[PDB]
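Okay, here's what each chain looks like letter by letter:
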Number of protein chains: 2
Amino acid sequence: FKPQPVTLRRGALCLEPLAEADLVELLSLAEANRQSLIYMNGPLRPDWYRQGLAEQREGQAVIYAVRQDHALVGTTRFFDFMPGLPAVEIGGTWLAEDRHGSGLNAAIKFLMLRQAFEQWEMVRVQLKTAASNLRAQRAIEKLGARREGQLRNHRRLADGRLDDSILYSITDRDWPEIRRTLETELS
Amino acid sequence: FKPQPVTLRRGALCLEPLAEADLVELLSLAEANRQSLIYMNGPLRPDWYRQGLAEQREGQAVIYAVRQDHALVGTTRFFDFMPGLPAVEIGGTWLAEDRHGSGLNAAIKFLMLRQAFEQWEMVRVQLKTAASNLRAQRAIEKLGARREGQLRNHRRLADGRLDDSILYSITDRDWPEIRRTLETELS
Ligand SMILES: CC(C)(COP(=O)(O)OP(=O)(O)OC[C@H]1O[C@@H](n2cnc3c(N)ncnc32)[C@H](O)[C@@H]1OP(=O)(O)O)[C@@H](O)C(=O)NCCC(=O)NCCS
Ligand SMILES: CC(C)(COP(=O)(O)OP(=O)(O)OC[C@H]1O[C@@H](n2cnc3c(N)ncnc32)[C@H](O)[C@@H]1OP(=O)(O)O)[C@@H](O)C(=O)NCCC(=O)NCCS
């Protein structure tokens, strides 16, 4: 098993790797949305996507810009690669507020899980948010991902104060019945 | 915190760093208790020890050979360091069959926990053992840790047969009480 960069695409949407070149149009975008992005410190400081781009060369993550032939509307990434299994996470996912409520997320998740399950041949896909990020929480739960539990004192917010973290999973068995409820709102 | 090699001791029990010369005695001792270790990936492969020695220099694990006065009696390690909080894992624990229920673990645990929580001023210590691993699950419950959740499809046993894991964690508010007992324990 290895994770090589891939470009994922469904209709109007295009998922490509975070190149250097994008950090700019990615950054001030984040500054437009400094309200919706407050449960994931590491927003407008562009040391974030360089940390982002870094991880890849180590082989640690595979990190994505989300687009509609631009404009970038946000970013997501695979990471926490566990090849014995194999398994991965999704996370570091955020989107211009205009894209919320719109099912863009759903489109992103479907392309990434299908890749993860049907192509990487994985058995577990992690997804964690914060105990206080109820928006992120329902989203994952609209995705049909089992809530394995909250991990007390697991993160600090954009204020440097502690928060517990929720943790979800979707096994290899889960994937057909996950895949197909996305293929539902998508219709 | 800085994860520096440290020697902790309690009576006839000296947990001291792992050096490359211990590894040959540790693979041996492991093949002895080959059956009592089936719920763990790694332990009969010398390079699973080497791997912790290596990440000792990368800062990702401090790694302990457990001795009973003089006999190399087991291993147990620290890992999954999250500094931004900070918080740690304990794991990689295994003792030769003969010292099970003979009270050595409790002591190997207090020692580290007291190090991880009073010296390291940590806020979260997490442990995970196998869903199929029933002794381990009682032993962690005897510490005072909270069962945070089953984690499906998350691990493999010596067979390689997939399995689930159980997250247990202890925060700092829970320490005082956990220290306490493990002093009641010993008293
Ligand atoms: C989460 C994010 C993708 C927004 O996604 P999204 O497109 O709005 O997801 P959805 O469109 O399905 O809607 C989210 C759900 O949360 C609901 N919701 C939003 N705010 C809510 C609130 N205070 N309370 C309760 N529910 C709320 C929404 O109403 C919606 O549920 P609904 O259909 O019942 O109305 C992103 O914008 C973000 O800012 N941070 C994510 C950080 C993270 O955790 N990343 C890792 C997870 S992959
Ligand atoms: C650690 C290990 C050596 C067990 O040793 P131990 O720590 O001495 O066990 P302890 O005596 O501490 O506690 C075990 C207790 O659970 C009980 N127990 C529960 N279910 C049991 C079972 N199926 N078989 C045996 N004992 C069981 C034991 O009787 C014992 O006494 P008590 O519960 O009545 O007081 C070993 O089983 C192992 O393989 N470890 C896996 C390590 C791992 O992955 N976890 C890492 C996180 S530390």
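About the thresholds
Residues numbered from 1 in each chain as written, not as in the entry; some residues may be left out. Chains lettered and ligands numbered in written order. Heavy atoms only, no water. Near = heavy atom within 4 Å. Polar contact = N/O pair within 3.5 Å; in protein donor to acceptor, adjacent residues only side chain to side chain. Areas by Shrake-Rupley, 256 points an atom, 1.4 Å probe, with all protein chains shown as cover. Helix = DSSP H or I, 4+ residues; strand = E, 2+ residues; numbered from the N terminus. Axes fitted to C-alpha atoms, helices over the stretch in contact; angles between N-to-C directions. Parallel < 35°, antiparallel > 145°, perpendicular 65-115°, else oblique. Left-handed = near helix turned anticlockwise from the far one by under 90°. Contact = heavy atoms within 4.5 Å. Nonpolar A, V, L, I, M, F, W, Y, C, P; charged D, E, K, R; others polar. UniProt positions renumbered as here; feature names shortened; annotations may be inferred. Buried area = accessible area lost by both parts, 1.4 Å probe. Salt bridge = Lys/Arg side-chain N within 4 Å of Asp/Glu carboxyl O.

## Brief notes about the site of ligand 1
Residue and element names in this part refer to chain A.
Logical step 1: Residues in close proximity to ligand 1 total 20 residues, the closest being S36, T93, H100, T129 and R135.
Logical step 2: A distance of 3.2 Å separates an oxygen atom of ligand 1 from a polar backbone atom of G101.
Logical step 3: Protein coverage of the free-state accessible area of ligand 1, which is 1,000 Å², stands at 70%.
Logical step 4: Looking at the shell around ligand 1, the elements that each hand over two or more residues are β5 (87-95), α3 (104-119), β6 (124-130) and α4 (134-142).

## A short note on the packing of α3(A) against helix α5 (residues 174-185) of chain A
All names here are of chain A.
Logical step 1: Look at α3 against α5: their axes get within 10 Å of each other, and the N-to-C directions meet at 150°. Overall, the two elements α3 and α5 adopt an arrangement that is roughly antiparallel. Every pair of crossing elements has a handedness; the one defined by α3 and α5 is left-handed. Taking contact as the criterion, the partners of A106, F110, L113, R114, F117 and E118 in α3 are, on α5, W175, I178, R179, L182, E183 and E185.
Logical step 2: Classifying every residue of the contact of α3 with α5 by side-chain character gives seven nonpolar, no polar and five charged.

## Digging into the site of ligand 2
Residues and elements named next belong to chain B.
Logical step 1: Around ligand 2 sit 16 residues, and of these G101, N105, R135, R138 and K142 come closest.
Logical step 2: Separating an oxygen atom of ligand 2 from a backbone N or O atom of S36 is a distance of 3.5 Å.
Logical step 3: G101 has a polar backbone atom sitting 2.9 Å from an oxygen atom of ligand 2.
Logical step 4: Within the complex, the protein chains bury 71% of what would otherwise be the 980 Å² of accessible surface of ligand 2.
Logical step 5: Mapped by element, the contributors of at least two residues to the shell around ligand 2 are β5 (87-95), α3 (105-119), β6 (124-130) and α4 (134-143).

## Notes on the UniProt feature "domain: N-acetyltransferase" (unreviewed entry) in chain A
Logical step 1: Under the UniProt annotation, "domain: N-acetyltransferase" (unreviewed entry) lies at residues 13-173 of chain A.
Logical step 2: Taken as a whole, residues 13-173 of chain A contains 29% helix and 37% strand, while its terminal C-alpha atoms sit 27 Å from one another.

## Here we look at the interface of chain A and chain B
How big an interface is tends to be reported as the loss of accessible area on association of its parts.
Logical step 1: Taken residue by residue, the interface counts 21 residues in chain A and 23 residues in chain B.
Logical step 2: Together, the buried faces of chain A and chain B total about 1,700 Å²; carbon and sulfur atoms form 49% of this surface.
Logical step 3: Taken as a group, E148(A), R152(A) and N153(A) account for 38% of the area that chain A buries against chain B, more than any other trio of residues on that side.
Logical step 4: Counting across the interface, chain A meets chain B through four salt bridges.
Logical step 5: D174(B) is the salt-bridge partner of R152(A), the closest N and O atoms lying 2.7 Å from each other.

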